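>
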Ligand SMILES: CC[C@H](C)CN(C[C@@H](O)[C@H](Cc1ccccc1)NC(=O)[C@H](CC(C)C)NC(C)=O)S(=O)(=O)c1ccc2ncsc2c1
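Residue numbers (the entry's author numbering), protein chains in the order written: chain A, 1 to 99; chain B, 1 to 99.
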């Protein structure tokens, strides 16, 4: 699809049989979801943004379907203000910016 | 232009006699610029992201040129690590997400 930006580009993602709303975030290097359970091993990681750094759990090679498009990649889980789809998965679904 | 997301979507912007590099950021509601001593009236604001909140100065009706596309609107100025072009100006230059 083509998504304009007068509203937040929120979309429905599917991850582990669960539907969630997430923000398509071109200013985010990585994908970070609010606290949830995911299966498998994780690694502690720290990521930073405008307000400083947080601790997250890094899960690798996780399937997520984003607005019907398949990605499999790294998903961080932690105290993000909102669920964020970052460039690591936006590239997988063929997302570009256009003007 | 079409901008892929393999790397950070940095572009050149001009605000007065400072050309700057800034992120085209679909996850940003507002435009947030690194500290600069802009003229005119402003209002204090707090904005939240990963890690918490920062204090910024809200300037209104500031002209900004983004890759030769003219925009004019609200610009927040504060201790952000990166210049961020948010949706308030992305809409003005006709920017969409496409996949
Ligand atoms: C709440 C939704 C988001 C968090 C709002 N922000 C925009 C976001 O794209 C930022 C941009 C960024 C990049 C590098 C360094 C710092 C920031 N990315 C990030 O914080 C990402 C996070 C990833 C690590 C997952 N950081 C990096 C290094 O990519 S935000 O920058 O915090 C932001 C921007 C505008 C705005 N207007 C009103 S509230 C508000 C919040």
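All C-beta atoms, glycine included, are put in the ideal place defined by N, C-alpha and C.
(1) Tell me whether residue 98/A sits in a helix, a strand or coil according to DSSP, three-state version.
(2) Residues of chain B with a CB under 9 Å from the CB of residue 98/A: which are they?
(3) State the CB to CB distance for the pair residue 31/A and residue 84/A, rounded to an integer number of angstroms; the pair is presumed to be in contact (CB under 8 Å).
(4) Quick check on residue 13/B - is its C-beta less than 8 Å from some C-beta in chain A?
(5) Do you know how far the Cα of residue 58/A is from the Cα of residue 6/B?
(6) Among the candidates 20/A, 21/A, 15/A and 80/A, whose CA atom is the shortest distance from the CA of residue 28/A?
(7) Pick helix, strand or coil for residue 90/A, following the three-state DSSP scheme.
(8) What residue range is occupied by the uninterrupted beta strand (DSSP E) comprising residue 110/B?
(9) Interface residues of chain B around residue 71/A at Cβ under 7 Å?
(10) Do you know whose CA, among 42/A, 50/A and 3/A, lies nearest residue 56/A's CA?
(11) Compile a chain-ordered list of the residues in the region 8-41 of chain A whose CB is closer than 9 Å to at least one CB of chain B.
(12) Going by DSSP, which residues form a beta bridge with residue 1/A?
(13) Could you compute how far the alpha carbon of residue 40/B sits from the alpha carbon of residue 77/B?
(14) Looking only at its own chain, which residues have a Cβ that is under 7 Å from the Cβ of residue 69/B, when we skip the five neighbours before and after it?
(15) Rounded to a whole number of angstroms, what is the C-alpha to C-alpha distance between residue 17/A and residue 62/A?
(16) Hey, residue 15/B and residue 51/A are a contact pair by Cβ (cut 8 Å); roughly how many whole angstroms apart?
(17) Of the residues 98/B, 24/B and 35/B, which one's Cα is nearest the Cα of residue 12/B?
(18) Is it buried or exposed, residue 1/A, if we count other Cβ atoms within 10 angstroms and call 16 or more buried?
(19) By DSSP's criteria, residue 46/B is part of a beta bridge. Which residues make up the other side?
(20) Residue 97/A and residue 67/B - do their beta-carbons sit closer together than 8 Å?
On the basis of the coordinates in this document:
(1) Translated into the one-based positions of the first chain, residue 98/A becomes position 98. Residue state, collapsed to three classes: strand.
(2) Residue numbering aside, residue 98/A sits at position 98 when the first chain is read from its first letter. Within 9 Å Cβ-Cβ: 1, 2, 3, 94, 95, 96, 97 and 98.
(3) By 1-based counting over the first chain, the position of residue 31/A is 31. By 1-based counting over the first chain, the position of residue 84/A is 84. Confirmed, about 6 Å.
(4) Position 13 of the second chain, counted from the start, is the residue given in the question as residue 13/B. No, no contact with chain A.
(5) Walking along the second chain from the start, residue 6/B turns up at place 6. Walking along the first chain from the start, residue 58/A turns up at place 58. C-alpha separation (whole angstroms): 20 Å.
(6) Taking the first residue of the first chain as 1, we reach residue 28/A at position 28. Residue 80/A is the option with its Cα nearest to residue 28/A.
(7) Sequence index remark: in the first chain, residue 90/A carries index 90 (1-based). Residue 90/A falls in the helix class under three-state DSSP.
(8) Only positions 1 to 99 of chain B appear in this structure, which leaves residue 110/B out of reach.
(9) Reading the first chain from its first residue, position 71 is the one you call residue 71/A. Those do not exist, as residue 71/A stays about 11 Å from chain B at its closest Cβ, beyond 7 Å.
(10) Position 56 of the first chain, counting from 1, holds the residue named residue 56/A. Here the closest residue by C-alpha is 42/A.
(11) 8, 9, 23, 24, 25, 26, 27, 28, 29 and 32
(12) Taking the first residue of the first chain as 1, we reach residue 1/A at position 1. Beta-bridge pairing links residue 1/A to no other residue.
(13) Within the second chain, numbered from 1, the residue matching residue 40/B stands at position 40. Within the second chain, numbered from 1, the residue matching residue 77/B stands at position 77. Approximately 12 Å between the Cα atoms of the pair.
(14) Position 69 of the second chain, counted from the first residue, corresponds to residue 69/B. 93.
(15) What you label residue 17/A is simply residue 17 of the first chain in a count that begins at 1. What you label residue 62/A is simply residue 62 of the first chain in a count that begins at 1. Their Cα atoms are separated by approximately 12 Å.
(16) Along the second chain, read from residue 1 onward, the residue named residue 15/B stands at position 15. Along the first chain, read from residue 1 onward, the residue named residue 51/A stands at position 51. Going by Cβ atoms, the distance from residue 15/B to residue 51/A rounds to 23 Å, so no, they are not a contact pair.
(17) Residue mapping note: residue 12/B aligns to position 12 of the second chain, counting from 1. If we check each option's Cα against that of residue 12/B, 24/B comes out closest.
(18) As a first step, residue 1/A must be located in the first chain, where it is residue number 1. So residue 1/A counts as exposed.
(19) As a first step, residue 46/B is located in the second chain; it is residue number 46 there, counting from the start. In the DSSP output, where bridge partners are listed per residue, residue 46/B has 55/B.
(20) Within the second chain, numbered from 1, the residue matching residue 67/B stands at position 67. Within the first chain, numbered from 1, the residue matching residue 97/A stands at position 97. No. Outside cutoff.
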